[PDB]
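Structure file final07.cif (mmCIF, C-alpha atoms; chains and numbers go by the auth columns) follows.
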data_target
#
loop_
_atom_site.group_PDB
_atom_site.id
_atom_site.type_symbol
_atom_site.label_atom_id
_atom_site.label_comp_id
_atom_site.label_asym_id
_atom_site.label_seq_id
_atom_site.Cartn_x
_atom_site.Cartn_y
_atom_site.Cartn_z
_atom_site.B_iso_or_equiv
_atom_site.auth_seq_id
_atom_site.auth_asym_id
ATOM 1 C CA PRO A 1 83.968 180.309 25.069 0.00 1 A
ATOM 2 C CA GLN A 2 84.461 180.822 28.812 0.00 2 A
ATOM 3 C CA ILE A 3 87.778 182.240 30.034 0.00 3 A
ATOM 4 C CA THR A 4 88.972 181.562 33.595 0.00 4 A
ATOM 5 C CA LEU A 5 90.727 184.386 35.498 0.00 5 A
ATOM 6 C CA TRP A 6 93.204 182.199 37.379 0.00 6 A
ATOM 7 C CA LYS A 7 95.698 183.494 34.794 0.00 7 A
ATOM 8 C CA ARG A 8 95.744 186.761 32.813 0.00 8 A
ATOM 9 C CA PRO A 9 93.133 186.655 30.053 0.00 9 A
ATOM 10 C CA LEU A 10 95.497 186.892 27.085 0.00 10 A
ATOM 11 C CA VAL A 11 94.284 186.218 23.571 0.00 11 A
ATOM 12 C CA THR A 12 95.732 186.532 20.070 0.00 12 A
ATOM 13 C CA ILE A 13 94.572 189.538 18.061 0.00 13 A
ATOM 14 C CA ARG A 14 95.226 190.380 14.420 0.00 14 A
ATOM 15 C CA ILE A 15 95.626 193.990 13.306 0.00 15 A
ATOM 16 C CA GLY A 16 96.995 195.162 9.920 0.00 16 A
ATOM 17 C CA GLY A 17 98.031 191.547 9.275 0.00 17 A
ATOM 18 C CA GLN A 18 100.159 191.323 12.428 0.00 18 A
ATOM 19 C CA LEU A 19 99.576 188.784 15.189 0.00 19 A
ATOM 20 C CA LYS A 20 99.748 190.195 18.732 0.00 20 A
ATOM 21 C CA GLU A 21 98.876 189.101 22.277 0.00 21 A
ATOM 22 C CA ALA A 22 96.421 191.323 24.166 0.00 22 A
ATOM 23 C CA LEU A 23 94.691 191.336 27.513 0.00 23 A
ATOM 24 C CA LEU A 24 90.861 191.242 27.792 0.00 24 A
ATOM 25 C CA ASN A 25 90.478 194.167 30.160 0.00 25 A
ATOM 26 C CA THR A 26 87.201 195.114 31.826 0.00 26 A
ATOM 27 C CA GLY A 27 89.137 197.804 33.715 0.00 27 A
ATOM 28 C CA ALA A 28 89.919 199.735 30.521 0.00 28 A
ATOM 29 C CA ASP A 29 87.434 202.060 28.819 0.00 29 A
ATOM 30 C CA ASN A 30 89.381 201.850 25.580 0.00 30 A
ATOM 31 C CA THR A 31 91.619 199.591 23.467 0.00 31 A
ATOM 32 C CA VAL A 32 95.280 200.538 23.782 0.00 32 A
ATOM 33 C CA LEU A 33 98.144 198.976 21.812 0.00 33 A
ATOM 34 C CA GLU A 34 101.910 199.195 22.181 0.00 34 A
ATOM 35 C CA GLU A 35 103.651 201.539 19.755 0.00 35 A
ATOM 36 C CA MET A 36 103.025 200.567 16.146 0.00 36 A
ATOM 37 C CA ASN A 37 102.372 202.231 12.795 0.00 37 A
ATOM 38 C CA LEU A 38 98.800 202.599 11.655 0.00 38 A
ATOM 39 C CA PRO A 39 97.436 204.321 8.549 0.00 39 A
ATOM 40 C CA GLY A 40 95.421 207.520 8.296 0.00 40 A
ATOM 41 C CA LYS A 41 94.342 210.533 10.341 0.00 41 A
ATOM 42 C CA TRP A 42 94.825 210.537 14.105 0.00 42 A
ATOM 43 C CA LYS A 43 94.488 212.801 17.112 0.00 43 A
ATOM 44 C CA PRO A 44 96.544 212.950 20.318 0.00 44 A
ATOM 45 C CA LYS A 45 94.902 211.959 23.628 0.00 45 A
ATOM 46 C CA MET A 46 95.966 211.691 27.294 0.00 46 A
ATOM 47 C CA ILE A 47 94.777 208.593 29.157 0.00 47 A
ATOM 48 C CA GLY A 48 95.093 207.685 32.824 0.00 48 A
ATOM 49 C CA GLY A 49 95.976 204.483 34.543 0.00 49 A
ATOM 50 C CA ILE A 50 97.205 203.167 37.829 0.00 50 A
ATOM 51 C CA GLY A 51 100.408 205.229 38.079 0.00 51 A
ATOM 52 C CA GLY A 52 99.601 208.408 36.125 0.00 52 A
ATOM 53 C CA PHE A 53 98.957 209.458 32.535 0.00 53 A
ATOM 54 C CA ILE A 54 100.352 208.648 29.111 0.00 54 A
ATOM 55 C CA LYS A 55 100.087 210.264 25.704 0.00 55 A
ATOM 56 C CA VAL A 56 98.556 208.166 22.926 0.00 56 A
ATOM 57 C CA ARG A 57 97.516 208.530 19.247 0.00 57 A
ATOM 58 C CA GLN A 58 93.864 207.799 18.541 0.00 58 A
ATOM 59 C CA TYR A 59 93.010 206.101 15.264 0.00 59 A
ATOM 60 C CA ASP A 60 89.387 205.459 14.309 0.00 60 A
ATOM 61 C CA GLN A 61 87.678 202.708 12.353 0.00 61 A
ATOM 62 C CA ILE A 62 90.565 200.248 12.502 0.00 62 A
ATOM 63 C CA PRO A 63 89.728 196.602 11.798 0.00 63 A
ATOM 64 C CA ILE A 64 90.969 194.210 14.471 0.00 64 A
ATOM 65 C CA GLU A 65 90.244 190.493 14.984 0.00 65 A
ATOM 66 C CA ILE A 66 89.939 189.525 18.650 0.00 66 A
ATOM 67 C CA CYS A 67 89.968 185.785 19.394 0.00 67 A
ATOM 68 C CA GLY A 68 88.122 184.949 16.207 0.00 68 A
ATOM 69 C CA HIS A 69 85.792 187.928 16.240 0.00 69 A
ATOM 70 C CA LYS A 70 85.965 190.647 13.626 0.00 70 A
ATOM 71 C CA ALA A 71 85.734 194.134 15.142 0.00 71 A
ATOM 72 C CA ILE A 72 86.101 197.653 13.759 0.00 72 A
ATOM 73 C CA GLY A 73 86.753 200.532 16.089 0.00 73 A
ATOM 74 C CA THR A 74 89.005 203.027 17.777 0.00 74 A
ATOM 75 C CA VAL A 75 92.506 202.024 18.733 0.00 75 A
ATOM 76 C CA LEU A 76 94.782 204.142 20.917 0.00 76 A
ATOM 77 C CA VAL A 77 98.523 203.622 20.420 0.00 77 A
ATOM 78 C CA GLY A 78 101.200 204.460 22.946 0.00 78 A
ATOM 79 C CA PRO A 79 103.513 203.272 25.749 0.00 79 A
ATOM 80 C CA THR A 80 101.136 200.778 27.410 0.00 80 A
ATOM 81 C CA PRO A 81 103.047 197.913 29.112 0.00 81 A
ATOM 82 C CA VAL A 82 100.720 195.373 27.515 0.00 82 A
ATOM 83 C CA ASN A 83 98.218 195.449 24.620 0.00 83 A
ATOM 84 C CA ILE A 84 94.764 195.978 26.127 0.00 84 A
ATOM 85 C CA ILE A 85 91.324 195.184 24.748 0.00 85 A
ATOM 86 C CA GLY A 86 88.981 197.498 26.657 0.00 86 A
ATOM 87 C CA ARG A 87 85.240 197.760 26.977 0.00 87 A
ATOM 88 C CA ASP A 88 84.685 199.478 23.645 0.00 88 A
ATOM 89 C CA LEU A 89 85.715 196.307 21.761 0.00 89 A
ATOM 90 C CA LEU A 90 84.746 193.711 24.398 0.00 90 A
ATOM 91 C CA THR A 91 81.164 194.913 23.919 0.00 91 A
ATOM 92 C CA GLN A 92 81.530 194.711 20.166 0.00 92 A
ATOM 93 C CA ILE A 93 82.506 191.036 20.382 0.00 93 A
ATOM 94 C CA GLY A 94 79.742 190.202 22.915 0.00 94 A
ATOM 95 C CA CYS A 95 81.998 189.645 25.936 0.00 95 A
ATOM 96 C CA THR A 96 80.420 189.623 29.434 0.00 96 A
ATOM 97 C CA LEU A 97 81.687 189.131 32.989 0.00 97 A
ATOM 98 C CA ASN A 98 79.795 186.277 34.627 0.00 98 A
ATOM 99 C CA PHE A 99 79.655 185.055 38.220 0.00 99 A
ATOM 100 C CA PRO B 1 75.089 188.072 37.538 0.00 1 B
ATOM 101 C CA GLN B 2 76.297 188.265 33.908 0.00 2 B
ATOM 102 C CA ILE B 3 77.635 191.809 33.787 0.00 3 B
ATOM 103 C CA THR B 4 77.702 193.675 30.471 0.00 4 B
ATOM 104 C CA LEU B 5 80.344 196.171 29.647 0.00 5 B
ATOM 105 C CA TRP B 6 78.365 199.080 28.230 0.00 6 B
ATOM 106 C CA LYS B 7 79.351 201.065 31.360 0.00 7 B
ATOM 107 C CA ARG B 8 82.302 200.679 33.748 0.00 8 B
ATOM 108 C CA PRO B 9 81.605 197.559 35.876 0.00 9 B
ATOM 109 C CA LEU B 10 81.344 199.420 39.194 0.00 10 B
ATOM 110 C CA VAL B 11 79.732 197.380 41.931 0.00 11 B
ATOM 111 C CA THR B 12 78.996 197.453 45.656 0.00 12 B
ATOM 112 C CA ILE B 13 81.658 196.293 48.031 0.00 13 B
ATOM 113 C CA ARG B 14 81.568 196.001 51.823 0.00 14 B
ATOM 114 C CA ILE B 15 84.746 195.938 53.801 0.00 15 B
ATOM 115 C CA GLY B 16 85.165 196.416 57.542 0.00 16 B
ATOM 116 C CA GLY B 17 81.534 197.476 57.702 0.00 17 B
ATOM 117 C CA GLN B 18 82.080 200.229 55.149 0.00 18 B
ATOM 118 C CA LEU B 19 80.080 200.471 51.916 0.00 19 B
ATOM 119 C CA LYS B 20 82.179 201.414 48.915 0.00 20 B
ATOM 120 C CA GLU B 21 82.143 201.149 45.129 0.00 21 B
ATOM 121 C CA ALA B 22 84.740 199.209 43.156 0.00 22 B
ATOM 122 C CA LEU B 23 85.646 198.423 39.536 0.00 23 B
ATOM 123 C CA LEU B 24 85.713 194.744 38.458 0.00 24 B
ATOM 124 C CA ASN B 25 89.041 194.728 36.643 0.00 25 B
ATOM 125 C CA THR B 26 90.132 191.668 34.643 0.00 26 B
ATOM 126 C CA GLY B 27 93.238 193.692 33.738 0.00 27 B
ATOM 127 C CA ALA B 28 94.421 193.695 37.373 0.00 28 B
ATOM 128 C CA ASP B 29 96.257 190.747 38.890 0.00 29 B
ATOM 129 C CA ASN B 30 95.428 191.935 42.397 0.00 30 B
ATOM 130 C CA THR B 31 92.884 193.920 44.344 0.00 31 B
ATOM 131 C CA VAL B 32 93.776 197.456 45.368 0.00 32 B
ATOM 132 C CA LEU B 33 91.612 199.905 47.315 0.00 33 B
ATOM 133 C CA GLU B 34 91.935 203.615 47.976 0.00 34 B
ATOM 134 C CA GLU B 35 93.624 204.512 51.264 0.00 35 B
ATOM 135 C CA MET B 36 91.744 203.188 54.297 0.00 36 B
ATOM 136 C CA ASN B 37 92.635 201.792 57.675 0.00 37 B
ATOM 137 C CA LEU B 38 92.656 198.044 57.827 0.00 38 B
ATOM 138 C CA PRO B 39 93.597 195.862 60.788 0.00 39 B
ATOM 139 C CA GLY B 40 96.726 193.786 61.249 0.00 40 B
ATOM 140 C CA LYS B 41 100.217 193.468 59.844 0.00 41 B
ATOM 141 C CA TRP B 42 100.991 194.768 56.386 0.00 42 B
ATOM 142 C CA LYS B 43 103.942 194.761 53.974 0.00 43 B
ATOM 143 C CA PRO B 44 104.844 197.529 51.498 0.00 44 B
ATOM 144 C CA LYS B 45 104.676 196.594 47.778 0.00 45 B
ATOM 145 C CA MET B 46 104.853 198.315 44.400 0.00 46 B
ATOM 146 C CA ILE B 47 102.250 197.782 41.690 0.00 47 B
ATOM 147 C CA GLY B 48 102.528 199.070 38.160 0.00 48 B
ATOM 148 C CA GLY B 49 100.668 199.657 34.974 0.00 49 B
ATOM 149 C CA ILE B 50 99.863 202.486 32.569 0.00 50 B
ATOM 150 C CA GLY B 51 101.573 205.609 33.870 0.00 51 B
ATOM 151 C CA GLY B 52 104.087 203.697 36.036 0.00 52 B
ATOM 152 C CA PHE B 53 104.161 202.395 39.632 0.00 53 B
ATOM 153 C CA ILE B 54 102.621 203.263 43.006 0.00 54 B
ATOM 154 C CA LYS B 55 103.569 202.178 46.553 0.00 55 B
ATOM 155 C CA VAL B 56 100.848 200.219 48.364 0.00 56 B
ATOM 156 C CA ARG B 57 100.303 198.380 51.660 0.00 57 B
ATOM 157 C CA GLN B 58 99.479 194.658 51.579 0.00 58 B
ATOM 158 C CA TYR B 59 97.099 193.216 54.154 0.00 59 B
ATOM 159 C CA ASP B 60 96.252 189.498 54.303 0.00 60 B
ATOM 160 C CA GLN B 61 93.067 187.540 54.965 0.00 61 B
ATOM 161 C CA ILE B 62 90.680 190.507 54.785 0.00 62 B
ATOM 162 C CA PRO B 63 86.933 189.754 54.419 0.00 63 B
ATOM 163 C CA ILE B 64 85.292 191.753 51.640 0.00 64 B
ATOM 164 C CA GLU B 65 81.859 191.342 50.097 0.00 65 B
ATOM 165 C CA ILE B 66 81.743 191.973 46.327 0.00 66 B
ATOM 166 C CA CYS B 67 78.328 192.314 44.767 0.00 67 B
ATOM 167 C CA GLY B 68 76.958 190.162 47.605 0.00 68 B
ATOM 168 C CA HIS B 69 79.541 187.379 47.318 0.00 69 B
ATOM 169 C CA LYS B 70 81.861 186.884 50.309 0.00 70 B
ATOM 170 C CA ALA B 71 85.567 186.802 49.725 0.00 71 B
ATOM 171 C CA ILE B 72 88.533 186.687 52.047 0.00 72 B
ATOM 172 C CA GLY B 73 91.969 187.510 50.699 0.00 73 B
ATOM 173 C CA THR B 74 94.882 189.843 50.207 0.00 74 B
ATOM 174 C CA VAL B 75 93.921 193.476 49.792 0.00 75 B
ATOM 175 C CA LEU B 76 96.324 196.205 48.764 0.00 76 B
ATOM 176 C CA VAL B 77 95.771 199.749 49.926 0.00 77 B
ATOM 177 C CA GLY B 78 97.176 202.857 48.313 0.00 78 B
ATOM 178 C CA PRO B 79 96.888 205.779 45.866 0.00 79 B
ATOM 179 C CA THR B 80 94.838 204.021 43.196 0.00 80 B
ATOM 180 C CA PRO B 81 92.449 206.343 41.317 0.00 81 B
ATOM 181 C CA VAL B 82 89.495 203.968 41.876 0.00 82 B
ATOM 182 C CA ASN B 83 88.856 200.912 44.094 0.00 83 B
ATOM 183 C CA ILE B 84 89.777 197.893 41.975 0.00 84 B
ATOM 184 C CA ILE B 85 88.761 194.258 42.284 0.00 85 B
ATOM 185 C CA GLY B 86 91.445 192.193 40.577 0.00 86 B
ATOM 186 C CA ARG B 87 91.665 188.621 39.403 0.00 87 B
ATOM 187 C CA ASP B 88 92.657 187.322 42.855 0.00 88 B
ATOM 188 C CA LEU B 89 89.171 188.074 44.134 0.00 89 B
ATOM 189 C CA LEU B 90 87.268 187.908 40.833 0.00 90 B
ATOM 190 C CA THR B 91 88.274 184.226 40.854 0.00 91 B
ATOM 191 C CA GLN B 92 87.043 183.834 44.452 0.00 92 B
ATOM 192 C CA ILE B 93 83.588 185.125 43.537 0.00 93 B
ATOM 193 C CA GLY B 94 83.463 182.792 40.504 0.00 94 B
ATOM 194 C CA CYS B 95 84.071 185.263 37.643 0.00 95 B
ATOM 195 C CA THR B 96 84.651 184.278 34.073 0.00 96 B
ATOM 196 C CA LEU B 97 84.788 186.133 30.798 0.00 97 B
ATOM 197 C CA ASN B 98 82.202 184.893 28.321 0.00 98 B
ATOM 198 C CA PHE B 99 81.726 185.468 24.608 0.00 99 B
ATOM 199 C CA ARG C 1 106.393 193.214 35.732 0.00 1 C
ATOM 200 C CA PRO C 2 103.441 195.612 36.057 0.00 2 C
ATOM 201 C CA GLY C 3 100.117 194.026 36.940 0.00 3 C
ATOM 202 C CA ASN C 4 97.308 196.587 37.099 0.00 4 C
ATOM 203 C CA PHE C 5 96.014 197.837 33.784 0.00 5 C
ATOM 204 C CA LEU C 6 93.279 200.209 34.847 0.00 6 C
ATOM 205 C CA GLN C 7 92.697 202.643 32.007 0.00 7 C
ATOM 206 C CA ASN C 8 90.483 205.730 31.887 0.00 8 C
ATOM 207 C CA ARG C 9 89.344 207.452 28.691 0.00 9 C
ATOM 208 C CA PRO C 10 90.486 211.000 27.953 0.00 10 C
#

For the structure just supplied, provide its representation as structure tokens.
Amino acid sequence: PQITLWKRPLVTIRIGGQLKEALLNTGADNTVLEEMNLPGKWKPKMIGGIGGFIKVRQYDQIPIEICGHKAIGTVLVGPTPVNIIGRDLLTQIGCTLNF
Amino acid sequence: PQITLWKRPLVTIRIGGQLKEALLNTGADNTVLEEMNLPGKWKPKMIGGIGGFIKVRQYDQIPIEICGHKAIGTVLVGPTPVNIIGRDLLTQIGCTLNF
Amino acid sequence: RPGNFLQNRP
């Protein structure tokens, strides 16, 4: 559909059978979730935001459903204040910014 | 336009007669620019996200052109890593998220 | 609450 930006663009996602709220975030290169357990191999990464840098774990080829859309891709996990769907998965689901 | 998210959504802005580049950020409540001199009264504020908080200056009723569309609103100024157009002004220029 | 979720890849 079409999502207004008068309020934060929060949507339900589903990952590993858990329901979570995340923010559709054109200002994020990547998808970053609050601390959680995921299966398999991972690698540590440092990402930057508004106030400095945080450490995350990078997991690849994780299935995630984002407002009804099946996606499979990389998920970074760490101390983000809010779950973020970044450009890597917005593109996957066909999301554009229109004005 | 309908902007795709293959690349960071960096666009032309014009503020106080200066040409800059800014990131259209649906993950930001408010607009924050790198340090610059703007006219008029300001108030200090803190804004936060990944990596913690920074101290900014808040100016009101500032004209800014974003990708050709005129806006007038509240502009924060401070140590952000990139000029950021937030929802406050994305709404003004008619932005929605579409998928 | 924080309000600016800029995020840059590694």

**OP:** For chain B, list the residues within 12 Å of chain A, counting all atoms listed in the file, and write the list as a count of residues only.
**Re:** 60

Show me, as a CSV table (one decimal) with C-alpha atoms, keeping the file's coordinate frame, the residues of chain C whose atoms get within 7 Å of chain A, using only C-alpha atoms for the distance check.
chain,number,residue,atom,x,y,z
C,4,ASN,CA,97.3,196.6,37.1
C,5,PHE,CA,96.0,197.8,33.8
C,6,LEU,CA,93.3,200.2,34.8
C,7,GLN,CA,92.7,202.6,32.0
C,8,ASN,CA,90.5,205.7,31.9
C,9,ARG,CA,89.3,207.5,28.7
C,10,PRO,CA,90.5,211.0,28.0

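Residues matching the PyMOL selection byres ((chain B and resi 39) around 12) in this structure come to residues 15, 16, 36, 37, 38, 40, 41, 42, 57, 58, 59, 60, 61, 62, 63, 75 and 77 of chain B.
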
I'd like the superposed chain B, fitted onto chain A by least squares over all Cα atoms in order, as a PDB file with C-alpha atoms, in the coordinates of the input.
ATOM      1  CA  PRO B   1      84.494 181.176  24.866  1.00  0.00           C
ATOM      2  CA  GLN B   2      83.894 181.532  28.633  1.00  0.00           C
ATOM      3  CA  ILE B   3      87.323 182.649  29.800  1.00  0.00           C
ATOM      4  CA  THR B   4      88.430 181.889  33.361  1.00  0.00           C
ATOM      5  CA  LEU B   5      90.678 184.165  35.273  1.00  0.00           C
ATOM      6  CA  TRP B   6      93.222 181.791  36.782  1.00  0.00           C
ATOM      7  CA  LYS B   7      95.831 183.361  34.450  1.00  0.00           C
ATOM      8  CA  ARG B   8      95.955 186.786  32.771  1.00  0.00           C
ATOM      9  CA  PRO B   9      93.371 186.723  29.932  1.00  0.00           C
ATOM     10  CA  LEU B  10      95.904 187.127  27.111  1.00  0.00           C
ATOM     11  CA  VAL B  11      94.509 186.260  23.711  1.00  0.00           C
ATOM     12  CA  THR B  12      95.387 186.373  20.018  1.00  0.00           C
ATOM     13  CA  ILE B  13      94.754 189.548  18.123  1.00  0.00           C
ATOM     14  CA  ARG B  14      95.287 190.321  14.436  1.00  0.00           C
ATOM     15  CA  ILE B  15      95.637 193.860  13.267  1.00  0.00           C
ATOM     16  CA  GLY B  16      96.909 195.083   9.907  1.00  0.00           C
ATOM     17  CA  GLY B  17      97.994 191.536   9.151  1.00  0.00           C
ATOM     18  CA  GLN B  18     100.130 191.373  12.283  1.00  0.00           C
ATOM     19  CA  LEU B  19      99.678 188.692  14.951  1.00  0.00           C
ATOM     20  CA  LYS B  20      99.943 190.023  18.481  1.00  0.00           C
ATOM     21  CA  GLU B  21      98.868 189.153  22.016  1.00  0.00           C
ATOM     22  CA  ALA B  22      96.537 191.328  24.074  1.00  0.00           C
ATOM     23  CA  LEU B  23      94.985 191.437  27.556  1.00  0.00           C
ATOM     24  CA  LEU B  24      91.160 191.426  27.820  1.00  0.00           C
ATOM     25  CA  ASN B  25      90.739 194.261  30.301  1.00  0.00           C
ATOM     26  CA  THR B  26      87.315 195.014  31.805  1.00  0.00           C
ATOM     27  CA  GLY B  27      89.082 197.745  33.800  1.00  0.00           C
ATOM     28  CA  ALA B  28      89.863 199.709  30.615  1.00  0.00           C
ATOM     29  CA  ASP B  29      87.304 201.968  28.970  1.00  0.00           C
ATOM     30  CA  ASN B  30      89.223 201.892  25.698  1.00  0.00           C
ATOM     31  CA  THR B  31      91.592 199.761  23.686  1.00  0.00           C
ATOM     32  CA  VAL B  32      95.262 200.699  23.661  1.00  0.00           C
ATOM     33  CA  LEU B  33      98.083 198.917  21.834  1.00  0.00           C
ATOM     34  CA  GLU B  34     101.846 199.213  22.061  1.00  0.00           C
ATOM     35  CA  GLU B  35     103.424 201.552  19.510  1.00  0.00           C
ATOM     36  CA  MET B  36     102.793 200.459  15.919  1.00  0.00           C
ATOM     37  CA  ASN B  37     102.154 202.144  12.617  1.00  0.00           C
ATOM     38  CA  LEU B  38      98.527 202.367  11.687  1.00  0.00           C
ATOM     39  CA  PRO B  39      97.030 204.043   8.627  1.00  0.00           C
ATOM     40  CA  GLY B  40      95.088 207.286   8.464  1.00  0.00           C
ATOM     41  CA  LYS B  41      94.459 210.385  10.528  1.00  0.00           C
ATOM     42  CA  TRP B  42      94.980 210.308  14.266  1.00  0.00           C
ATOM     43  CA  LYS B  43      94.440 212.642  17.230  1.00  0.00           C
ATOM     44  CA  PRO B  44      96.606 212.843  20.373  1.00  0.00           C
ATOM     45  CA  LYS B  45      94.891 211.890  23.673  1.00  0.00           C
ATOM     46  CA  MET B  46      95.843 211.230  27.287  1.00  0.00           C
ATOM     47  CA  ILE B  47      94.750 208.114  29.158  1.00  0.00           C
ATOM     48  CA  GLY B  48      95.246 207.537  32.848  1.00  0.00           C
ATOM     49  CA  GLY B  49      95.140 204.988  35.577  1.00  0.00           C
ATOM     50  CA  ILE B  50      97.388 203.539  38.276  1.00  0.00           C
ATOM     51  CA  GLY B  51     100.710 205.355  38.087  1.00  0.00           C
ATOM     52  CA  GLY B  52      99.299 208.373  36.198  1.00  0.00           C
ATOM     53  CA  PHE B  53      98.803 209.307  32.522  1.00  0.00           C
ATOM     54  CA  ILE B  54     100.384 208.523  29.147  1.00  0.00           C
ATOM     55  CA  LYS B  55     100.085 210.287  25.763  1.00  0.00           C
ATOM     56  CA  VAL B  56      98.574 208.131  23.008  1.00  0.00           C
ATOM     57  CA  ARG B  57      97.492 208.419  19.363  1.00  0.00           C
ATOM     58  CA  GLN B  58      93.843 207.766  18.467  1.00  0.00           C
ATOM     59  CA  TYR B  59      93.001 206.089  15.173  1.00  0.00           C
ATOM     60  CA  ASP B  60      89.406 205.465  14.054  1.00  0.00           C
ATOM     61  CA  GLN B  61      87.651 202.599  12.286  1.00  0.00           C
ATOM     62  CA  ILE B  62      90.520 200.102  12.539  1.00  0.00           C
ATOM     63  CA  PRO B  63      89.722 196.405  11.874  1.00  0.00           C
ATOM     64  CA  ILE B  64      91.083 194.097  14.563  1.00  0.00           C
ATOM     65  CA  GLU B  65      90.364 190.428  15.161  1.00  0.00           C
ATOM     66  CA  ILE B  66      90.168 189.444  18.851  1.00  0.00           C
ATOM     67  CA  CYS B  67      90.180 185.755  19.627  1.00  0.00           C
ATOM     68  CA  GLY B  68      88.696 185.152  16.164  1.00  0.00           C
ATOM     69  CA  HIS B  69      85.905 187.728  16.438  1.00  0.00           C
ATOM     70  CA  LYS B  70      86.056 190.677  14.020  1.00  0.00           C
ATOM     71  CA  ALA B  71      85.834 194.159  15.402  1.00  0.00           C
ATOM     72  CA  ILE B  72      86.209 197.571  13.847  1.00  0.00           C
ATOM     73  CA  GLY B  73      86.707 200.578  16.085  1.00  0.00           C
ATOM     74  CA  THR B  74      88.866 203.200  17.708  1.00  0.00           C
ATOM     75  CA  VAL B  75      92.329 202.008  18.650  1.00  0.00           C
ATOM     76  CA  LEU B  76      94.761 203.995  20.750  1.00  0.00           C
ATOM     77  CA  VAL B  77      98.475 203.558  20.267  1.00  0.00           C
ATOM     78  CA  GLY B  78     101.156 204.425  22.776  1.00  0.00           C
ATOM     79  CA  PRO B  79     103.483 203.467  25.652  1.00  0.00           C
ATOM     80  CA  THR B  80     101.200 200.953  27.352  1.00  0.00           C
ATOM     81  CA  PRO B  81     103.073 198.103  29.084  1.00  0.00           C
ATOM     82  CA  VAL B  82     100.887 195.458  27.378  1.00  0.00           C
ATOM     83  CA  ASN B  83      98.384 195.469  24.480  1.00  0.00           C
ATOM     84  CA  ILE B  84      94.975 196.028  26.067  1.00  0.00           C
ATOM     85  CA  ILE B  85      91.497 195.271  24.776  1.00  0.00           C
ATOM     86  CA  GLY B  86      89.100 197.595  26.575  1.00  0.00           C
ATOM     87  CA  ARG B  87      85.358 197.708  26.987  1.00  0.00           C
ATOM     88  CA  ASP B  88      84.830 199.503  23.658  1.00  0.00           C
ATOM     89  CA  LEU B  89      85.855 196.361  21.807  1.00  0.00           C
ATOM     90  CA  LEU B  90      84.990 193.778  24.476  1.00  0.00           C
ATOM     91  CA  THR B  91      81.395 194.928  23.909  1.00  0.00           C
ATOM     92  CA  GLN B  92      81.793 194.551  20.125  1.00  0.00           C
ATOM     93  CA  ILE B  93      82.871 190.924  20.480  1.00  0.00           C
ATOM     94  CA  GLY B  94      79.940 190.229  22.842  1.00  0.00           C
ATOM     95  CA  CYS B  95      81.734 190.071  26.222  1.00  0.00           C
ATOM     96  CA  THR B  96      80.000 189.882  29.540  1.00  0.00           C
ATOM     97  CA  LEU B  97      81.105 189.200  33.075  1.00  0.00           C
ATOM     98  CA  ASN B  98      79.371 186.184  34.579  1.00  0.00           C
ATOM     99  CA  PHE B  99      79.135 184.865  38.121  1.00  0.00           C
TER     100      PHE B  99
END

Subject >> For atom CA of residue 74 of chain A and atom CA of residue 19 of chain A, the interatomic separation in Å (one decimal) >> reply: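 Value for the atom CA of residue 74 of chain A-atom CA of residue 19 of chain A distance: 17.9 Å.
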
**OP:** Report the distance between atom CA of residue 14 of chain A and atom CA of residue 1 of chain C in Å, rounded to one decimal place.
**Re:**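 Atom-to-atom, atom CA of residue 14 of chain A to atom CA of residue 1 of chain C, that is 24.2 Å.
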
I'd like the box whose edges run along x, y and z of the file and which contains every listed atom of segment 39-56 of chain A, padded by 8 Å per side; could you state its centre and edge lengths in Å, one decimal, as AutoDock Vina command-line options?
--center_x 97.4 --center_y 208.1 --center_z 23.2 --size_x 22.1 --size_y 25.8 --size_z 45.8

**OP:** Using atom CA of residue 11 of chain A and atom CA of residue 3 of chain C as the two end points, give the distance in Å to one decimal.
**Re:** 16.5 Å

If you keep C-alpha atoms, can you output segment 17-39 of chain A as an mmCIF file, in the first residue's frame?
data_model
loop_
_atom_site.group_PDB
_atom_site.id
_atom_site.type_symbol
_atom_site.label_atom_id
_atom_site.label_comp_id
_atom_site.auth_asym_id
_atom_site.auth_seq_id
_atom_site.Cartn_x
_atom_site.Cartn_y
_atom_site.Cartn_z
ATOM 1 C CA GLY A 17 8.483 -17.348 14.164
ATOM 2 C CA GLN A 18 8.577 -14.227 16.348
ATOM 3 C CA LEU A 19 6.444 -11.150 15.723
ATOM 4 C CA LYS A 20 8.293 -7.824 16.028
ATOM 5 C CA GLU A 21 7.706 -4.153 15.189
ATOM 6 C CA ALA A 22 10.257 -2.530 12.868
ATOM 7 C CA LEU A 23 10.778 0.814 11.213
ATOM 8 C CA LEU A 24 10.886 1.165 7.389
ATOM 9 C CA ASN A 25 14.107 3.137 7.177
ATOM 10 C CA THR A 26 15.402 4.719 3.978
ATOM 11 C CA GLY A 27 18.228 6.210 6.062
ATOM 12 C CA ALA A 28 19.693 2.780 6.852
ATOM 13 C CA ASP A 29 21.883 0.830 4.427
ATOM 14 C CA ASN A 30 21.172 -2.386 6.294
ATOM 15 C CA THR A 31 18.565 -4.222 8.392
ATOM 16 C CA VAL A 32 19.385 -4.092 12.095
ATOM 17 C CA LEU A 33 17.459 -5.888 14.850
ATOM 18 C CA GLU A 34 17.562 -5.611 18.629
ATOM 19 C CA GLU A 35 19.495 -8.350 20.410
ATOM 20 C CA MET A 36 18.092 -11.791 19.668
ATOM 21 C CA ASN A 37 19.335 -15.319 19.011
ATOM 22 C CA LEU A 38 19.706 -16.439 15.433
ATOM 23 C CA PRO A 39 21.069 -19.721 14.073
#
